[PDB]
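A.B. asks: First the structure, which I've put down as C-alpha cells, then a few questions once you've had a look.
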Number of protein chains: 18
Amino acid sequence: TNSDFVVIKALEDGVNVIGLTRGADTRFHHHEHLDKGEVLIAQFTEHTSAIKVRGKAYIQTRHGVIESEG
Amino acid sequence: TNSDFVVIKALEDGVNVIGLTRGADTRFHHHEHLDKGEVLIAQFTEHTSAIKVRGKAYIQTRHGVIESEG
Amino acid sequence: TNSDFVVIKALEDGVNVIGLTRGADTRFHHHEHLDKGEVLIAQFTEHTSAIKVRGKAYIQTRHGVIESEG
Amino acid sequence: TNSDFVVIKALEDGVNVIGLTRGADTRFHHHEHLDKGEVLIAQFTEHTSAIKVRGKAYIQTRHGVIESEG
Amino acid sequence: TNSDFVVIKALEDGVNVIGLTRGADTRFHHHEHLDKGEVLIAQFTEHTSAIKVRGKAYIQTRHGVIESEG
Amino acid sequence: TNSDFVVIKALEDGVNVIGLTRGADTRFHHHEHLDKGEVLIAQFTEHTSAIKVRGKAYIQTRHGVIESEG
Amino acid sequence: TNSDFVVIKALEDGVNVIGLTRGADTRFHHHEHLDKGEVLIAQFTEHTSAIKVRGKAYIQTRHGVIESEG
Amino acid sequence: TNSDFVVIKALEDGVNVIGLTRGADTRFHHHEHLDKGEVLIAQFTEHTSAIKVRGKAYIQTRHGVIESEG
Amino acid sequence: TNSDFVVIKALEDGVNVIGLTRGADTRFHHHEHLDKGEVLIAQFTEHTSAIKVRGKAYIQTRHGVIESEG
Amino acid sequence: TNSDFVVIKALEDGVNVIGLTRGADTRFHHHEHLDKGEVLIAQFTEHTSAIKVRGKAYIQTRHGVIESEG
Amino acid sequence: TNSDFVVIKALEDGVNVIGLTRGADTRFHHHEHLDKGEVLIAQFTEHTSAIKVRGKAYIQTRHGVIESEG
Amino acid sequence: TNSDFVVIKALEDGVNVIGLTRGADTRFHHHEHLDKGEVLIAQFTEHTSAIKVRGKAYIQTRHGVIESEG
Amino acid sequence: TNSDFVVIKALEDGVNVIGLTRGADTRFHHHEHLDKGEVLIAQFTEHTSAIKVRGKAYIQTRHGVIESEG
Amino acid sequence: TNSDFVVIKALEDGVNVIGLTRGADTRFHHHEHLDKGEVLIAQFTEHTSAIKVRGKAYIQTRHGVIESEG
Amino acid sequence: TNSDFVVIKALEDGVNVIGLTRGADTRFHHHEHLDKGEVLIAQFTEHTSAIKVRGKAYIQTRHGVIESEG
Amino acid sequence: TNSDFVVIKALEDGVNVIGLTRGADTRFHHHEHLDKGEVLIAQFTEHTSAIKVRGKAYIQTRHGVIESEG
Amino acid sequence: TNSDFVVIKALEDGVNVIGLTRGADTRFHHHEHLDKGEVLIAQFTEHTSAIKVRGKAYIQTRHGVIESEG
Amino acid sequence: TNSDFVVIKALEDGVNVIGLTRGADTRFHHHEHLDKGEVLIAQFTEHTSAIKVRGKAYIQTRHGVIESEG
Ligand SMILES: [Co+2]
Ligand SMILES: [Co+2]
Ligand SMILES: [Co+2]
Ligand SMILES: [Co+2]
Ligand SMILES: [Co+2]
Ligand SMILES: [Co+2]
Ligand SMILES: [Co+2]
Ligand SMILES: [Co+2]
C-alpha cells in the first residue's frame, strides 16, 4: 500500500507515465511526461495502485531492471 | 493482503491482464489491454486477490521470472 | 493468514486450480481453468487456506519450483 | 499461529493427508486423497496445528525437502 | 508462543511423539504414534511447549537436522 | 519471553534437564529425565527463564552446537 | 528485555554466575554455581540486566565466543 | 446403547484398541495397549459407539469368534 | 433404533465403510478406511440408520456371515 | 416400529433399493444404487415402513434367505 | 401394533398387494404392483392391520412359508 | 391386546372371514370375502378379538397349522 | 449398562484385575490382587465399563471360556 | 444391578466368602464363614458388586460350575 | 429382587434354613426348622438376600441340583 | 493419634503394606508394594489406625524389632 | 505431626528419596536425588507422612540404624 | 516444627549447606558456604524442613554422629 518505489529514466523524447486509481473502480488519475535524460522516482500510495509506462525507458524495481520499448 | 507487486511486459500486440475479485465469490473485476513493448507494474489490493495473464508476455515476481505464451 | 502467493503456469490444455474453504469444514469453493500457456498469480486469503492443482503445470513458490503431472 | 505453508506432491496413487485440530483436545478433523502427480499447497490456520502424510510423497517446507515412503 | 514447527519422519515402527503442557503445571497432554515411513509436521502452540520423541526418527528443525536413536 | 527453543539429545543414560522459574525469585520448578538416544525440543516460556543440563548431552541452539560432559 | 540469551559451559569446578538487578538502583539479585561440565542457557528478563561470570568458562553469545579465565 | 460387550485377547506384543465417540461427530476418544497374553473385556456405553482393533488378536462377540491379523 | 452391531474384517487394503444419516433425507454422514487384516465392531446409533461397505470384506451379523467383493 | 434390519448384497451392476414413506400416504422417498459386490445393512425407521428391491440380489432377513431376480 | 414384517416375492407378472386400514372402519388404503422376480419387505404399522396378496407369489412370515396361486 | 397375526389361504371360492367386536358387546364388525388361491394376513387389533372362518381354508398360527372344512 | 458378570479364577500367585472408569475420560478406578486358587465374581457397574486381567488366569463369560497368559 | 445369584458349597472346614461394596470406592462390606458341607445361595444387591471366595469350594453360576482350590 | 425361588427337601431330622438381612447391615432375620421328608419352596424378597442351609438336604435351583451335608 | 512411626525393610520381592482407615468402619484405605531392599518409614495419621504387613520383612518399632515371615 | 526427622546418607550414585502425600488420598508429592556421599536430614511435615528410599543408603532414625539396598 | 538443631563442622574448604522450603511446594530457599574449620549450629523452623550437606563434613544430631564425603 506504500513503502515501495520505482525508478524510471527516459531514453527518448516523449515518455508517458500513467497512474491508475485505487478503489472499486479503476480509472486514470494522472500522467507525466519525461524528456530524454530525465529521471523520476515514484512511490505507491493511497490513491495509486498501478503504474503504466509508454515509450523507450529504463526501469529499476526491487525485482531488477527492465526496459520498455514503446 | 497488500503491498506486493508484479511486473508485466507485453511481447506482442493485444495482451490481456485480468484482476479477480476478493470475496466469497470470484468474478472478473477489471481488465487491461497492453500493446507491444509496454510495461505495467501492478499491486495486490483490497479488491484484487488473483491476476490472470493472457498473451505472450514476460513477468517478474519475487520468486523469479516467467514467460506466458497464451 | 494472508500476504503470500503462488505462480502457476499451464503446460497443457485444461488445467484445474481448486480452492479449499477456510474454517471448521473444508470443501471446494472455486474452480479455475487454464489453457496451455496461461499464467495465474494467486494469493492466500480470508476464504482460501489450501490450493489443489490438477494437470500438467509449472509451479513457483517461496520454497522453490515444482511440476505437477496430474 | 498462521502464515506458513507446506507443498506436498503425490508420487504414487492413494496418498492421504490428515489435519489435526487446534486446541486442548486434538482430534482428526479432515483428510484429503491425492492421486499420482497431484500437488497440494496447504497452510497452517486456526483449526489446524499438525499435518500427517501417509503414502509415498515429496514434501517441501521452509527447512528443506523430505520424502515419505509410506 | 506459536509460529514454529518441527518435521519428524519415522524410521522404524512404533515411534512415540509426546507433547508437554504449557503453564505452571507440566504434564503429558497428548501423544501420537507413527508407523514406519510416516512424516508429521508439528507446530508449537498455546497448549504445547515441549516435545519428546521416543524411537528411531529423523528430525528437521530451524537449527538443523538431528537423529533420535531411542 | 517466547519464540525460541533448544534441542537436547541424550548421549548416555540418565540426563537431567532442569527449568528455572521466571520472576523476582528464582527457584527450580521442574526437571526431566532423558535416556540414551532420546531427543527433547524445549521452548522458552512465561514460566521458564533458564535451563540447566546435567549429563553427557549434545545441544543445538541459535548460536551453534555445544556438548555437556556432566 | 527478553528474547536474547547466553550459553555458559563450566570448564572447572565452582564457576559463579551472578545476575544484577534491573532498575534505578543496581544490586545483586541471584547467583548460581556450576560444576565442571555443566551447561546453562540464560535469558535476559524484566528483573535482570547484566550478568557477571567468575571462573574458567566458555561463553557463546550472538556476537561470538569468548573464554573467561578468572 | 449398552448391555453388550466384547472380549479381546492379545496374541502378540503391541495390540491397539481404539474407541470412537458417540454423537454427530465421530472422533477418537481413547486407545489402549495390550501386551502378549492380556485379556480385555470392553463394554458399549454412552460415549462409545465403535471399536477398532489393530494387531494380531482373538475376539469373542455374541456373533462368534474372529481373528484380527494386523 | 439402537443396540445392535455388525462386525467387519478387511480382507484387502483400502476398504470403505460408510454411515448414512437418520432423518427425512439420506446423506453420507461419515466414512472409515480399513487396512488389510483389521476388524471394526460398529453399532447402530441415533445418527446412523444404514451402513454401506465397499471393498473385499468379511461381515458378521445376527443373521449370519456374508462376504463383500466391491 | 424400529430395531430390525435387512442385509442386501448386489449380484449385478445397478441394483436399486427403494424406501417407502411411513404414514397415511405411501410414496417413494429414497433410492439407493448398488454395484456388483456391495453390501448394504438397512434398518426400519420412523420414515421407512417398506423396502422394494429391483435387480439380481441376495437378501438376508430374520426369516431366512431369499434371492431377487428383478 | 407394530414391529412385524412379511417378505413377498413375485413369481409371475402382475402381483397385487393391498393394505387395509386400521380403525373402526376398514377400507382399502393403498396397493402395490410387483413384476416377476421382485421382492418386497413390508411392515405392520399404525395405518395397516391386514395385507391381501393376489397373484402367484411366495411369502415368508414368522410362521413359515406359504404360496399364493392367485 | 395387539401384535399377533394369523395367515389364511383360501382353498375354494367364496371364503368368509368375520371379525367380532371387542368390548362388553359382542357383534359382527366386518367381514372379508376371499377368492380361490388368495392369502390374507390378519392382525389382532383394538377393535377385533375373535375371528371366524367359514369355507374351505388353510390356516397358520403360532400354535401350528389347521384346515377349516366349513 | 449393568447386570452382567464375569468369573475369574487365578491360576498363579499375584494376578491383577484392573477396572476402568465410566464417563468422558478413562483411567484406573480400582484394582484387585488374587492369590493362587481364588475366584472372583465381578459385575459391571455404574462406575466401571472395562476390565483388564494381568497374569495367568481362567475366565468365564456369556461368550465362553478364555485364558489369560500375562 | 439386581436379581442374579450364585451357589457356593463348602468342601472343607473354614471357607470364607467376602462381599465388596457398590460405589466409587471399593471397600469390604461383610464376610461369611462356611463349615464343611454347608451351602450358601447369595444374590447380587444394591450394596454388593463383587464376591471373593477363599478356600476349597464348589461354585455354580449361570455360566457353569467352577471349583476354588484355595 | 424377586421372582426367583429355591426348593429345599429335608433328608434328615432337624434341618435349619436361615435368611440373612438385605441392606447395608447383614444379620440373621429368620430361620425355619424342617423335619425329615418335608419340602419348602422359598422366594427371594425385599427383606431377604441370602440363604444358608444347615443339615442334610436336597436343593433345586435354576442352576441345577445340589446336596448339602452340614 | 499422631506422631509415631514404624520402619519396614523388604527382604524379598513383592512385600505388601496395607493401611486401615480411622473411624467406625475399619476398612482398607491404601496399599503399597515394596521390592527387595527398599525401606519405608511410615507414620500414624488422622486417617490411619492399623497397618498390616504381608511378606518377608524386617520391622522396627519403639518396642523393638520383629520379622514377618509371610 | 512434626518434631521428628530421619538422616539419610547416599552410599552410591543416584539415590531417590520419595515423599508421599498426607490425607485421604495418597500420591507422590516430591522426590530428591542424592549423589554419592551426600547427607540429607529430612523432617515429617504437614504435607508429608511417609517416605520411601530407593538405592544403596544408610539411614538413622530414633529406632536405630538401617541400610537400604534398593 | 521447631526446637531441634544440627551441628556441622567443615573438614575441607568449600562446604555447601542448603536449606529446603517448608510447604506444599518444595524448593531451594538458601545456601551457606563454610571454610575449613568453621562450625554452624542450625535450627529447624517454619521456613526450613530439610537440609542438604555437600562436601567433606562432620555432623552431629540427636541420633548420633555422621560424616559426609561429597
Ligand atoms: Co499531458
Ligand atoms: Co476488453
Ligand atoms: Co499410547
Ligand atoms: Co475418504
Ligand atoms: Co496394586
Ligand atoms: Co431356632
Ligand atoms: Co525424578
Ligand atoms: Co554462594
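The chains in the C-alpha cells are called A, B, ... from first to last as shown; in each chain the residues are counted from 1, and the ligands are counted from 1 in the order shown.
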How would chain J read as a CSV table (one decimal) with N, CA, C and O atoms, in the first residue's frame once least-squares superposed on chain D using all paired C-alpha atoms?

C.D. replies:
chain,number,residue,atom,x,y,z
J,1,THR,N,1.2,-18.8,14.4
J,1,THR,CA,-0.1,-19.3,14.4
J,1,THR,C,-0.7,-19.6,13.0
J,1,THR,O,-1.5,-20.4,12.8
J,2,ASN,N,-0.2,-18.8,12.1
J,2,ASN,CA,-0.7,-18.9,10.7
J,2,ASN,C,0.5,-18.6,9.8
J,2,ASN,O,1.6,-18.7,10.1
J,3,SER,N,0.1,-18.3,8.5
J,3,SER,CA,1.1,-17.7,7.5
J,3,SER,C,2.3,-18.5,7.3
J,3,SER,O,3.4,-18.0,7.2
J,4,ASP,N,2.1,-19.8,7.2
J,4,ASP,CA,3.2,-20.7,6.8
J,4,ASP,C,2.6,-22.0,6.2
J,4,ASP,O,1.6,-22.5,6.7
J,5,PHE,N,3.2,-22.5,5.1
J,5,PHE,CA,2.6,-23.5,4.3
J,5,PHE,C,3.6,-24.6,3.9
J,5,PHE,O,4.8,-24.3,4.0
J,6,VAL,N,3.1,-25.7,3.5
J,6,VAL,CA,3.9,-26.8,3.0
J,6,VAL,C,3.4,-27.2,1.6
J,6,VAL,O,2.3,-26.9,1.3
J,7,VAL,N,4.3,-27.8,0.9
J,7,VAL,CA,4.0,-28.2,-0.5
J,7,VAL,C,4.2,-29.7,-0.6
J,7,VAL,O,5.3,-30.3,-0.3
J,8,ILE,N,3.1,-30.5,-0.9
J,8,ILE,CA,3.1,-31.9,-1.0
J,8,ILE,C,2.8,-32.4,-2.4
J,8,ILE,O,1.8,-32.0,-3.0
J,9,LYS,N,3.6,-33.2,-3.0
J,9,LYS,CA,3.4,-33.8,-4.3
J,9,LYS,C,3.3,-35.3,-4.2
J,9,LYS,O,4.2,-36.0,-3.6
J,10,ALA,N,2.2,-35.9,-4.7
J,10,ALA,CA,2.0,-37.3,-4.6
J,10,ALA,C,2.7,-38.1,-5.6
J,10,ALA,O,2.7,-37.8,-6.8
J,11,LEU,N,3.5,-39.1,-5.1
J,11,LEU,CA,4.3,-40.0,-6.0
J,11,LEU,C,3.6,-41.3,-6.2
J,11,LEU,O,4.3,-42.2,-6.8
J,12,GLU,N,2.4,-41.5,-5.8
J,12,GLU,CA,1.7,-42.8,-5.9
J,12,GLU,C,0.2,-42.5,-5.7
J,12,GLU,O,-0.2,-41.5,-5.2
J,13,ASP,N,-0.6,-43.5,-6.2
J,13,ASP,CA,-2.0,-43.4,-6.1
J,13,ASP,C,-2.4,-43.5,-4.6
J,13,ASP,O,-1.9,-44.3,-3.9
J,14,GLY,N,-3.4,-42.7,-4.2
J,14,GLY,CA,-3.9,-42.8,-2.9
J,14,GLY,C,-3.0,-42.4,-1.8
J,14,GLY,O,-2.5,-43.2,-1.0
J,15,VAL,N,-2.6,-41.1,-1.8
J,15,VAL,CA,-1.8,-40.5,-0.7
J,15,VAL,C,-2.7,-39.7,0.2
J,15,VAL,O,-3.5,-38.9,-0.3
J,16,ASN,N,-2.6,-39.9,1.5
J,16,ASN,CA,-3.5,-39.3,2.5
J,16,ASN,C,-2.8,-38.2,3.3
J,16,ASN,O,-1.7,-38.4,3.8
J,17,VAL,N,-3.5,-37.1,3.4
J,17,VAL,CA,-3.1,-35.9,4.1
J,17,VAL,C,-4.1,-35.6,5.2
J,17,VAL,O,-5.2,-35.3,4.9
J,18,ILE,N,-3.7,-35.7,6.5
J,18,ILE,CA,-4.6,-35.7,7.6
J,18,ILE,C,-4.3,-34.4,8.4
J,18,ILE,O,-3.2,-34.1,8.6
J,19,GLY,N,-5.4,-33.7,8.8
J,19,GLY,CA,-5.2,-32.5,9.6
J,19,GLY,C,-5.7,-32.7,11.0
J,19,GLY,O,-6.7,-33.3,11.2
J,20,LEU,N,-4.9,-32.2,12.0
J,20,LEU,CA,-5.2,-32.4,13.4
J,20,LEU,C,-5.7,-31.1,14.0
J,20,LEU,O,-5.2,-30.0,13.7
J,21,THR,N,-6.7,-31.3,14.9
J,21,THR,CA,-7.4,-30.1,15.4
J,21,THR,C,-6.6,-29.3,16.4
J,21,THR,O,-5.8,-29.9,17.1
J,22,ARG,N,-6.8,-28.0,16.4
J,22,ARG,CA,-6.1,-27.1,17.2
J,22,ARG,C,-7.0,-26.9,18.5
J,22,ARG,O,-8.1,-26.5,18.4
J,23,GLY,N,-6.4,-27.1,19.7
J,23,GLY,CA,-7.0,-26.8,20.9
J,23,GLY,C,-6.5,-27.8,22.0
J,23,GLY,O,-5.5,-28.4,21.9
J,24,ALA,N,-7.3,-27.9,23.1
J,24,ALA,CA,-7.0,-28.7,24.2
J,24,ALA,C,-6.9,-30.2,23.8
J,24,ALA,O,-6.0,-30.9,24.2
J,25,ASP,N,-7.9,-30.6,23.1
J,25,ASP,CA,-7.9,-32.0,22.6
J,25,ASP,C,-7.5,-32.1,21.1
J,25,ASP,O,-7.6,-31.1,20.4
J,26,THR,N,-7.0,-33.2,20.7
J,26,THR,CA,-6.4,-33.4,19.4
J,26,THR,C,-7.1,-34.6,18.7
J,26,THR,O,-7.2,-35.7,19.3
J,27,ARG,N,-7.6,-34.4,17.5
J,27,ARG,CA,-8.3,-35.4,16.8
J,27,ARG,C,-8.2,-35.1,15.3
J,27,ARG,O,-7.9,-34.0,14.9
J,28,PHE,N,-8.5,-36.1,14.5
J,28,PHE,CA,-8.6,-35.9,13.0
J,28,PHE,C,-9.8,-35.1,12.7
J,28,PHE,O,-10.9,-35.5,13.1
J,29,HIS,N,-9.6,-34.0,11.9
J,29,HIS,CA,-10.8,-33.3,11.4
J,29,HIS,C,-10.9,-33.2,9.9
J,29,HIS,O,-12.0,-32.8,9.4
J,30,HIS,N,-9.9,-33.6,9.2
J,30,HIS,CA,-10.0,-33.6,7.7
J,30,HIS,C,-9.0,-34.6,7.1
J,30,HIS,O,-7.9,-34.6,7.5
J,31,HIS,N,-9.5,-35.3,6.1
J,31,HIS,CA,-8.7,-36.1,5.2
J,31,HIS,C,-8.7,-35.6,3.8
J,31,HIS,O,-9.7,-35.0,3.3
J,32,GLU,N,-7.5,-35.7,3.1
J,32,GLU,CA,-7.4,-35.3,1.8
J,32,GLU,C,-6.7,-36.4,1.0
J,32,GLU,O,-5.7,-37.0,1.5
J,33,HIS,N,-7.3,-36.8,-0.2
J,33,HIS,CA,-6.7,-37.8,-1.0
J,33,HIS,C,-6.1,-37.2,-2.2
J,33,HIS,O,-6.6,-36.3,-2.8
J,34,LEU,N,-4.9,-37.7,-2.5
J,34,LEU,CA,-4.2,-37.3,-3.7
J,34,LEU,C,-3.8,-38.4,-4.6
J,34,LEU,O,-3.4,-39.5,-4.1
J,35,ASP,N,-4.0,-38.3,-5.9
J,35,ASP,CA,-3.6,-39.2,-6.9
J,35,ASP,C,-2.2,-38.9,-7.4
J,35,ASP,O,-1.7,-37.9,-7.2
J,36,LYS,N,-1.7,-39.9,-8.2
J,36,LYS,CA,-0.3,-39.8,-8.6
J,36,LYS,C,-0.1,-38.6,-9.5
J,36,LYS,O,-0.6,-38.5,-10.6
J,37,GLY,N,0.7,-37.6,-9.0
J,37,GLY,CA,1.1,-36.5,-9.8
J,37,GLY,C,0.6,-35.2,-9.3
J,37,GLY,O,1.0,-34.1,-9.7
J,38,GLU,N,-0.4,-35.2,-8.4
J,38,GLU,CA,-1.1,-34.0,-8.0
J,38,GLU,C,-0.2,-33.3,-6.9
J,38,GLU,O,0.7,-33.9,-6.3
J,39,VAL,N,-0.4,-32.0,-6.8
J,39,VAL,CA,0.3,-31.1,-5.9
J,39,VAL,C,-0.7,-30.3,-5.0
J,39,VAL,O,-1.7,-29.8,-5.5
J,40,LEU,N,-0.4,-30.3,-3.7
J,40,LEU,CA,-1.2,-29.5,-2.8
J,40,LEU,C,-0.4,-28.5,-2.0
J,40,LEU,O,0.7,-28.9,-1.5
J,41,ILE,N,-0.8,-27.3,-1.9
J,41,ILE,CA,-0.2,-26.2,-1.2
J,41,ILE,C,-1.1,-25.9,0.0
J,41,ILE,O,-2.1,-25.3,-0.2
J,42,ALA,N,-0.6,-26.3,1.2
J,42,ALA,CA,-1.5,-26.2,2.4
J,42,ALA,C,-0.9,-25.3,3.5
J,42,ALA,O,0.3,-25.3,3.7
J,43,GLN,N,-1.8,-24.6,4.1
J,43,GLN,CA,-1.4,-23.5,5.1
J,43,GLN,C,-1.9,-23.9,6.5
J,43,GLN,O,-2.9,-24.5,6.7
J,44,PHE,N,-1.1,-23.4,7.5
J,44,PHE,CA,-1.4,-23.6,8.9
J,44,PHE,C,-2.4,-22.6,9.3
J,44,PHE,O,-2.2,-21.4,9.0
J,45,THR,N,-3.5,-23.0,9.9
J,45,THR,CA,-4.6,-22.1,10.2
J,45,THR,C,-5.1,-22.1,11.6
J,45,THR,O,-4.5,-22.7,12.5
J,46,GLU,N,-6.3,-21.5,11.8
J,46,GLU,CA,-6.9,-21.4,13.2
J,46,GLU,C,-7.5,-22.7,13.6
J,46,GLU,O,-7.8,-22.9,14.8
J,47,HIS,N,-7.7,-23.7,12.7
J,47,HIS,CA,-8.2,-25.0,13.1
J,47,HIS,C,-7.3,-26.1,12.9
J,47,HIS,O,-7.6,-27.3,13.1
J,48,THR,N,-6.1,-25.8,12.4
J,48,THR,CA,-5.1,-26.9,12.1
J,48,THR,C,-3.8,-26.5,12.7
J,48,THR,O,-3.2,-25.4,12.5
J,49,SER,N,-3.2,-27.4,13.5
J,49,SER,CA,-1.9,-27.3,14.1
J,49,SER,C,-0.9,-28.3,13.7
J,49,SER,O,0.3,-28.1,13.8
J,50,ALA,N,-1.3,-29.4,13.2
J,50,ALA,CA,-0.4,-30.5,12.7
J,50,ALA,C,-0.9,-31.2,11.5
J,50,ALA,O,-2.2,-31.2,11.3
J,51,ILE,N,0.0,-31.8,10.8
J,51,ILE,CA,-0.4,-32.4,9.5
J,51,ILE,C,0.4,-33.8,9.4
J,51,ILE,O,1.6,-33.8,9.6
J,52,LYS,N,-0.4,-34.8,9.1
J,52,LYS,CA,0.2,-36.2,9.0
J,52,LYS,C,0.1,-36.6,7.5
J,52,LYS,O,-1.0,-36.4,6.9
J,53,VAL,N,1.1,-37.2,7.0
J,53,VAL,CA,1.2,-37.6,5.6
J,53,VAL,C,1.5,-39.1,5.5
J,53,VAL,O,2.6,-39.5,5.9
J,54,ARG,N,0.5,-39.8,4.9
J,54,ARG,CA,0.7,-41.2,4.7
J,54,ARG,C,0.8,-41.5,3.2
J,54,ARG,O,0.0,-41.0,2.4
J,55,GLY,N,1.8,-42.3,2.8
J,55,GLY,CA,2.0,-42.7,1.4
J,55,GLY,C,3.3,-42.1,0.9
J,55,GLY,O,3.9,-41.3,1.5
J,56,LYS,N,3.7,-42.6,-0.3
J,56,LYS,CA,4.9,-42.1,-0.9
J,56,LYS,C,4.6,-40.7,-1.4
J,56,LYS,O,3.7,-40.4,-2.3
J,57,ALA,N,5.4,-39.7,-0.9
J,57,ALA,CA,5.2,-38.3,-1.2
J,57,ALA,C,6.5,-37.5,-1.1
J,57,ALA,O,7.4,-37.9,-0.5
J,58,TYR,N,6.5,-36.4,-1.8
J,58,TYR,CA,7.6,-35.5,-1.8
J,58,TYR,C,7.1,-34.2,-1.2
J,58,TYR,O,6.1,-33.6,-1.6
J,59,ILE,N,7.9,-33.7,-0.1
J,59,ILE,CA,7.4,-32.6,0.7
J,59,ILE,C,8.5,-31.5,0.7
J,59,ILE,O,9.6,-31.8,0.9
J,60,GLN,N,8.0,-30.3,0.6
J,60,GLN,CA,8.9,-29.1,0.6
J,60,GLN,C,8.4,-28.2,1.8
J,60,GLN,O,7.2,-27.9,1.8
J,61,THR,N,9.3,-27.8,2.7
J,61,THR,CA,9.0,-26.9,3.8
J,61,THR,C,10.1,-25.9,3.8
J,61,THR,O,11.1,-26.0,3.1
J,62,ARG,N,10.0,-24.9,4.7
J,62,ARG,CA,11.0,-23.9,4.9
J,62,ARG,C,12.3,-24.5,5.3
J,62,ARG,O,13.3,-23.9,5.0
J,63,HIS,N,12.3,-25.6,6.0
J,63,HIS,CA,13.6,-26.3,6.4
J,63,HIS,C,14.2,-27.2,5.3
J,63,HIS,O,15.3,-27.7,5.5
J,64,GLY,N,13.5,-27.4,4.2
J,64,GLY,CA,14.1,-28.2,3.1
J,64,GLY,C,13.1,-29.2,2.6
J,64,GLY,O,11.9,-29.1,2.7
J,65,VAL,N,13.7,-30.3,2.0
J,65,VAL,CA,12.9,-31.3,1.3
J,65,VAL,C,13.0,-32.6,2.0
J,65,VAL,O,14.1,-33.0,2.5
J,66,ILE,N,11.9,-33.3,2.1
J,66,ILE,CA,11.8,-34.6,2.7
J,66,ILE,C,10.9,-35.5,1.8
J,66,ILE,O,10.2,-35.0,1.0
J,67,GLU,N,11.0,-36.8,2.0
J,67,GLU,CA,10.3,-37.8,1.3
J,67,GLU,C,9.6,-38.8,2.2
J,67,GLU,O,10.3,-39.4,3.0
J,68,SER,N,8.3,-38.9,2.2
J,68,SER,CA,7.6,-39.9,3.0
J,68,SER,C,7.4,-41.1,2.2
J,68,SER,O,7.1,-41.1,1.0
J,69,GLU,N,7.5,-42.3,2.9
J,69,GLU,CA,7.4,-43.6,2.3
J,69,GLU,C,6.3,-44.4,3.0
J,69,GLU,O,6.4,-45.7,2.9
J,70,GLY,N,5.4,-43.8,3.7
J,70,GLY,CA,4.4,-44.5,4.4
J,70,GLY,C,3.5,-45.4,3.6
J,70,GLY,O,3.2,-46.6,3.9
